[PDB]
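S.K.: First the structure, which I've put down as structure tokens, then a few questions once you've had a look.
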Amino acid sequence: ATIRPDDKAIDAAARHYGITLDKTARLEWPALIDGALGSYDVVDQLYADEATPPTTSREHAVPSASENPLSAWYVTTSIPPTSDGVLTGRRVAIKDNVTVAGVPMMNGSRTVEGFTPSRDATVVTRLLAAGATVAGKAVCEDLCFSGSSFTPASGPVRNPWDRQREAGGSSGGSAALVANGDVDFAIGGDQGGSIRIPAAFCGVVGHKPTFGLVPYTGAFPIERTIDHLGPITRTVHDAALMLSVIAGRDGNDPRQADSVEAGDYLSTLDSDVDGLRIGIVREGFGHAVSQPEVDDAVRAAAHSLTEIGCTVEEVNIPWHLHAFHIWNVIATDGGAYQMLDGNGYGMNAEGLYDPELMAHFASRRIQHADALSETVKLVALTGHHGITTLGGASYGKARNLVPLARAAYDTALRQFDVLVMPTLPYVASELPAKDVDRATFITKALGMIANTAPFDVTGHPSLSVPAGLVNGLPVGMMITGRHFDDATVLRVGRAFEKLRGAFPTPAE
């Protein structure tokens, strides 16, 4: 039977709503609430009998310091494919915010550590059905709220290009393992650039697919309207291949529209791009906080596409800057409302939920709140202010502005086939010392998402490909296109890699 609240809990609930309880009320509510919970008891029983996922027994191991040099692995496994396929003979690391049944996960946080899911994320099932072996869980930022790699409760993920530098973040571990050659590819999550940022920092390919193309089912939700799952690989071809396996509706994710269909990302991947119009987004360069060498390198790279028949022109998109602020409001008010108060999944959306995860996270969140990264706390504090004192109105205003941000990009996309700009304004910087200043922490954790985040809110497919090296470190060029035109984005990316030539491995 469902647990009932005690008298102080009832009183506390009343205070929360500004409801004052009379001595007579304090006496009647208990039985009334108990009666109301009769329905919860039934749901509890129905759930136990009709919707409790079957047990799963898989092996996992915590790597020793030796076998985990970059601190990129949370736990290692060897889950065999259920069928042979286009991924046969390949290993894949799974970002720790994505569930793999029978294998522990902590989403880089003390508030989730200790949890072992009962269901496999849809992407995991598809990967295994395509012949891939799941090699393990890759470390990610504390509750995925960091653009760097120093917020994981398990320690900072190190860039294989320079172990004293950041691997980028939340998917830092995934990118690191891929760049370091530990796995063929990885699944990453992207809310504000979490797939693209680490790919850029580590010099690998990272693709944030069109919003809703890849099912988020089974991944730890942050803000429903900006959650994306996508591939992190060493080459564009591998990204297209992985996308051909994970793309598609699964019927359990409310983010996926009825019209969503996987495209054909391989057939014309290597087709000529002669005549394609490429737009260099001016607002994507020369930010106050950035390294001009990076901007020039990427800029040069974008122009070199004329060598293969592309028309390259600069274009102004003022809304690109506004989109960042809109994203911020949505990720902050929405994030606190959903990820924290809603215990990851939140409510009011049809779909597949993970009640076990919600309960686990709920009990540990308050008990280990102080262990939360400073960025998550910033979101909790200002978000709480937006939700309560501000009445959520700022979130409502941001939402009403998204169509305009989306239309701004689509207008440019009518003049060009794809838009390009630097994925990041600078190269992997050194990790902060365990004594970092809270203000430094926040700026160093979220100061590199200016170009990536806007596309998380508008939903356009966005690809990050290694553009070159600056001071011996990777820099990435970001290619963005029309919704569900991931094929063209990948094709342009493939064309660029061919022109650019093989990109060096940190093992060199």
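Counting in the entry's author numbering, the sequence shown runs from 2 upward without gaps.
By construction, the Cβ of each residue, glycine as well, lies at the ideal position given by its N, Cα and C atoms.
Do the CB positions of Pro433 and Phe151 come within less than 7 Å of each other?
M.R.: Locating residue 433 in the sequence shown gives position 432, where the first residue counts as 1. Locating residue 151 in the sequence shown gives position 150, where the first residue counts as 1. It is a contact, given that the beta carbons lie within the stated cut-off.
S.K.: What residue range is occupied by the uninterrupted alpha helix (DSSP H) comprising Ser79?
M.R.: By one-based count along the sequence shown, residue 79 stands at place 78. Where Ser79 is concerned, there is no enclosing alpha helix (DSSP H), although the beta strand (DSSP E) it sits in stretches over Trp74 to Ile80.
S.K.: So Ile198 and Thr453 are supposed to be a Cβ contact under 8 Å. How far apart are they, rounded?
M.R.: Translated into positions along the sequence shown, residue 198 becomes position 197. Translated into positions along the sequence shown, residue 453 becomes position 452. So it is a contact: roughly 6 Å between Cβ atoms.
S.K.: Kindly list the residues whose CB is nearer than 6 Å to the CB of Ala263, restricted to its own chain and excluding five residues on each side of it in sequence; keep chain order.
M.R.: Here residue 263 refers to the residue found at position 262 of the sequence shown. So the list reads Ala248 and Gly249, once near-sequence residues are dropped.
S.K.: Identify which residue in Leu391, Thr211 and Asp7 has its Cα closest to the Cα of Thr459.
M.R.: As a working note, residue 459 is residue 458 in the sequence shown. Comparing Cα positions, the closest option is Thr211.
S.K.: Considering just the uninterrupted stretch of the alpha helix (DSSP H) at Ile20, what are its terminal residues?
M.R.: The residue labelled residue 20 in the question sits at position 19 within the sequence shown. Here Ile20 belongs to no alpha helix (DSSP H), and DSSP marks it neither H nor E.
S.K.: Could you check which residue in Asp12, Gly169 and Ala49 has the C-alpha nearest to that of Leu447?
M.R.: By 1-based counting over the sequence shown, the position of residue 447 is 446. The shortest Cα separation from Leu447 among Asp12, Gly169 and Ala49 belongs to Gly169.
S.K.: Can you tell me whether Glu375 is helix, strand or coil according to DSSP?
M.R.: Within the sequence shown, the letter at position 374 stands for residue 375. Of the three classes helix, strand and coil, the one that applies to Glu375 here is helix, per DSSP.
S.K.: Decide if the segment 132-140 is in contact with the segment 84-93; the criterion is three or more beta carbon pairs, one per stretch, under 8 Å apart.
M.R.: A contact exists between the segment 132-140 and the segment 84-93.
S.K.: Quick one: grab the DSSP three-state call for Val274.
M.R.: For this step, residue 274 is matched to residue 273 along the sequence shown. In the structure shown, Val274 sits in coil (DSSP, three-state: anything other than H, G, I, E or B).
S.K.: Between the C-alpha atoms of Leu464 and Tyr266, what's the straight-line distance to the nearest angstrom?
M.R.: For the purposes of this step, residue 464 is taken as the residue at position 463 of the sequence shown. For the purposes of this step, residue 266 is taken as the residue at position 265 of the sequence shown. Distance between the alpha carbons of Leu464 and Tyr266 is about 13 Å.
S.K.: Can you tell me where the alpha helix (DSSP H) with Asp296 in it begins and where it stops?
M.R.: Here residue 296 is taken as the residue at index 295 of the sequence shown, counted from 1. First-last of the alpha helix (DSSP H) with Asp296: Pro293 to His304.
S.K.: For the candidate residues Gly310, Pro423, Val282 and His461, whose alpha-carbon lies nearest to that of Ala200?
M.R.: For the purposes of this step, residue 200 is taken as residue 199 along the sequence shown, with counting starting at 1. Checking every option, the nearest Cα to that of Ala200 belongs to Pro423.
S.K.: Check the C-beta distance from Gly280 over to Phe417 and give it rounded, since I have them as a contact under 8 Å.
M.R.: Working through the sequence shown from its first residue, we reach residue 280 at position 279. Working through the sequence shown from its first residue, we reach residue 417 at position 416. Their Cβ separation, rounded to whole angstroms, is 3 Å, which keeps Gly280 and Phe417 in contact under 8 Å.
S.K.: Using only CA atoms, which one of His385, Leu277 and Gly285 lies nearest to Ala496?
M.R.: Counting from 1 along the sequence shown, the entry for residue 496 is found at position 495. Comparing Cα-Cα distances from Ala496 to each of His385, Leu277 and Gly285, the minimum goes to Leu277.
S.K.: Is the CB-CB distance between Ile450 and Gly174 below 7 Å?
M.R.: Counting from one through the sequence shown, the residue named residue 450 turns up at place 449. Counting from one through the sequence shown, the residue named residue 174 turns up at place 173. No, Cβ-Cβ distance for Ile450 and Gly174 is not below 7 Å.
S.K.: Determine the burial state of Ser72: buried for a count of at least 16 other Cβ atoms within 10 Å of its Cβ, exposed for fewer.
M.R.: Along the sequence shown, read from residue 1 onward, the residue named residue 72 stands at position 71. Classification of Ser72: buried, given that the 10 Å Cβ count is 16 or more.
S.K.: On a CA-only basis, which of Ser245, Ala468 and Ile327 is nearest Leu500? Give me that one, please.
M.R.: Along the sequence shown, one-based indexing puts residue 500 at 499. Considering only alpha carbons, the answer is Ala468.
S.K.: Tell me which residues share the same chain as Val471 and place their Cβ nearer than 6 Å to its Cβ, disregarding the 5 neighbours each side in the sequence.
M.R.: As a working mapping, residue 471 is identified with position 470 in the sequence shown. Hits under 6 Å: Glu294, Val295, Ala298 and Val428.
S.K.: If you draw a straight line from the C-alpha of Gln339 to the C-alpha of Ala154, how long is it?
M.R.: Position 338 of the sequence shown, counted from the first residue, corresponds to residue 339. Position 153 of the sequence shown, counted from the first residue, corresponds to residue 154. The alpha-carbon atoms of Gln339 and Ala154 are separated by roughly 22 Å.
S.K.: Assign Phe497 to one of three DSSP states: helix, strand, or coil.
M.R.: Here residue 497 refers to the residue found at position 496 of the sequence shown. In the structure shown, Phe497 sits in a helix (DSSP, three-state: H, G or I).
S.K.: Out of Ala503, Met243 and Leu129, which one is the CA nearest neighbour of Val101?
M.R.: Walking along the sequence shown from the start, residue 101 turns up at place 100. Measuring from the Cα of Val101, the nearest candidate turns out to be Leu129.
S.K.: Drop a sphere of 10 angstroms on the beta-carbon of residue 1, count the other beta-carbons inside from all chains shown, and report buried for 16 or more, exposed for fewer.
M.R.: The structure shown does not extend to residue 1, since the chain spans only 2 to 509, so no value can be given for it.
S.K.: Please state whether DSSP places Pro55 in a helix, a strand or coil.
M.R.: Translated into positions along the sequence shown, residue 55 becomes position 54. Of the three classes helix, strand and coil, the one that applies to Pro55 here is coil, per DSSP.
S.K.: Where do the N-terminal and C-terminal ends of the beta strand (DSSP E) with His229 fall, by residue?
M.R.: Residue mapping note: residue 229 aligns to position 228 of the sequence shown, counting from 1. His229 to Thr234 is the span of the beta strand (DSSP E), which, as asked, contains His229.
S.K.: Assuming contact is defined by CB atoms lying nearer than 7 Å, are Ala337 and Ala381 in contact in what I supplied?
M.R.: The residue labelled residue 337 in the question sits at position 336 within the sequence shown. The residue labelled residue 381 in the question sits at position 380 within the sequence shown. Yes.
S.K.: Verify whether the separation of the beta carbon atoms of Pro54 and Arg127 is less than 7 Å.
M.R.: As a working note, residue 54 is residue 53 in the sequence shown. As a working note, residue 127 is residue 126 in the sequence shown. Cβ distance not < 7 Å, so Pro54 and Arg127 don't count as in contact.
S.K.: Identify which residue in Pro319, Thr307, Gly392 and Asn349 has its Cα closest to the Cα of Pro255.
M.R.: The sequence position of residue 255 within the sequence shown is 254, counting from 1. Ranking the options by Cα distance to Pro255, first place goes to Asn349.
S.K.: What is the DSSP secondary structure of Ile198, counted as helix, strand or coil?
M.R.: Counted from its first residue, the sequence shown places residue 198 at position 197. Reduced to three states, the DSSP call for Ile198 is helix.
S.K.: Does DSSP put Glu284 in a helix, in a strand, or in coil?
M.R.: Position 283 of the sequence shown holds residue 284. In the structure shown, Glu284 sits in a helix (DSSP, three-state: H, G or I).
S.K.: If you count every other CB in all the chains shown that lies within 10 Å of the CB of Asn98, and 16 or more means buried, which is it?
M.R.: Within the sequence shown, numbered from 1, the residue matching residue 98 stands at position 97. Its Cβ being crowded by 16 or more others within 10 Å, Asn98 is buried.
S.K.: Rounded to whole angstroms, what's the CA-CA distance from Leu341 to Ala26? Just pull it up for me.
M.R.: Counting from one through the sequence shown, the residue named residue 341 turns up at place 340. Counting from one through the sequence shown, the residue named residue 26 turns up at place 25. Straight-line Cα distance between these residues: approximately 31 Å.
S.K.: Are the Cβ atoms of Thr112 and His369 separated by less than 7 Å?
M.R.: If you number the sequence shown from 1, residue 112 lands on position 111. If you number the sequence shown from 1, residue 369 lands on position 368. Contact flag set, yes.
S.K.: To the nearest angstrom, report how far apart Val87 and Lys445 are at their CA atoms.
M.R.: Residue mapping note: residue 87 aligns to position 86 of the sequence shown, counting from 1. Residue mapping note: residue 445 aligns to position 444 of the sequence shown, counting from 1. Answer to the nearest angstrom: the Cα atoms are 39 Å apart.
S.K.: Apart from the five residues just before and just after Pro356, which ones in its own chain have a Cβ nearer than 8 Å to its Cβ?
M.R.: For the purposes of this step, residue 356 is taken as the residue at position 355 of the sequence shown. Taken in chain order, the residues that qualify are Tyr48.
S.K.: With distances taken between CB atoms, is the gap from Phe146 to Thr376 smaller than 7 Å?
M.R.: If you number the sequence shown from 1, residue 146 lands on position 145. If you number the sequence shown from 1, residue 376 lands on position 375. In contact: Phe146 and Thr376 (Cβ atoms closer than 7 Å).
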